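For reference, the chains in residue letters:
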Amino acid sequence: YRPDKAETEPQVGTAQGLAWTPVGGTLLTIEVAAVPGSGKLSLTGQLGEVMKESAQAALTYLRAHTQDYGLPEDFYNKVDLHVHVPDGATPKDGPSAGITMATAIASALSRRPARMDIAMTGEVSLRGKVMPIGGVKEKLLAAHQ
Amino acid sequence: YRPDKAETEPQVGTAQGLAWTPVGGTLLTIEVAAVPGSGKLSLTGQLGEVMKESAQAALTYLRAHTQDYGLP
């Protein structure tokens, strides 16, 4: 490994993902693929439905913040979306890192690399609200360790 | 919870629902993203379509009550 886990340069479409193995709090980082198409949302790597709707909530928040973020005016309908977590599906309470998918697809759609040393996890609302996380402890351990 | 989750401030786009799971009824914060486009029922949250048509009866009532609520 690189020592600080921030020697990664800032990256389009990839952020550091605080998530939980049953082994524990881990950097299950985020992998996306945003290419033009039908606007379809593939989940790649056994990612479950709660991650699918989390991606929908992130998608619709971007829809609410399109020219806010300089996005194309039609992106959800012609840019196919393919996303990964190294864990297949999260055995925990949903993904607990909906904003991590949001951040990665934001960096992907901006064509502008988001930073590293991202110590983050949390649940987007389609209303646009970062839901509180259950089990802050091991997530922030996965940050700090 | 805060001093009172009922005393949480008024919310745009969503409302305090009423449930009964057999182990206990809950608030149902039914959240809706009014996303632009042309009309696409992008329902989610393991949604059964009877709630979809409930929302559609709501939708056509809003169509009936566009100037009751200043809607376009």
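Per the deposition metadata, cryo-EM was the technique used to determine this entry, at a resolution of 4.42 Å.

The name given to chain B in the PDB entry is Lon protease, and the organism recorded there is Meiothermus taiwanensis.

Per the PDB entry, chain A goes by Lon protease and derives from Meiothermus taiwanensis.

*Asks:* Looking at this structure, I do not really get the pattern of salt bridges. What am I missing?
*Replies:* It is possible for side chains of opposite charge to pair when their charged atoms get near one another. Residue and element names in this part refer to chain B. On inspection of all chains with the given rule, the structure shows three salt bridges over all chains. In this structure, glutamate 7 and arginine 2 form a salt bridge, with 3.2 Å as the shortest nitrogen-oxygen distance. Overall, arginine 2 belongs to the partly exposed group, its relative accessible area being 34%.

*Asks:* What is the right way to read the UniProt feature "active site" (unreviewed entry) in chain A from this model?
*Replies:* Residue and element names in this part refer to chain A. UniProt feature "active site" (unreviewed entry): in the numbering of this structure it lies at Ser96 and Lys139. Spanning 44 residues, the annotated positions come together in the fold, the maximum distance between their C-alpha atoms being 9.3 Å. Its location among the elements puts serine 96 in the loop between strand 5 (79–84) and helix 2 (98–110). Overall, the relative accessible area of 3% leaves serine 96 in the buried class. Each residue touching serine 96, except ones within four places of it in the same chain, is listed here: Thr121, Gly122, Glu123, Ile133 and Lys139. Looking at the secondary structure, you find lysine 139 in helix 3 (residues 136–144). Given a relative accessible area of 0%, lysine 139 falls into the buried group. When near neighbours in sequence (up to four residues on either side) are disregarded, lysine 139 contacts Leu18, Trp20, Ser96, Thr121, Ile133 and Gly134.

Quick notes on the rules
The residue numbers you see begin from 1 on each chain and track the sequence as written, which may not match the entry, and residues missing coordinates are not shown. All chains are assigned letters beginning with A, and all ligands numbers beginning with 1, in the order in which they are written. In this entry, the chains presented are a subset of a larger assembly, and the associated values cover only that subset. Side-chain metrics in this entry use all non-hydrogen atoms of the structure; hydrogen atoms and water are not considered. Here a salt bridge means any side-chain nitrogen of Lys or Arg lying within 4 Å of a carboxyl oxygen belonging to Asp or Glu. Only protein chains enter the area calculation, which uses a 1.4 Å probe; residues under 20% of their type maximum are buried, those over 50% are exposed, and those in between are partly exposed. UniProt positions are given in the numbering used here, feature names are shortened, and annotations may be inferred rather than shown by experiment. Every helix listed is a DSSP run of H or I at least four residues long, and every strand listed is a run of E at least two residues long, numbered separately from the N terminus. Two residues form a contact once any of their heavy atoms are found within 4.5 Å.

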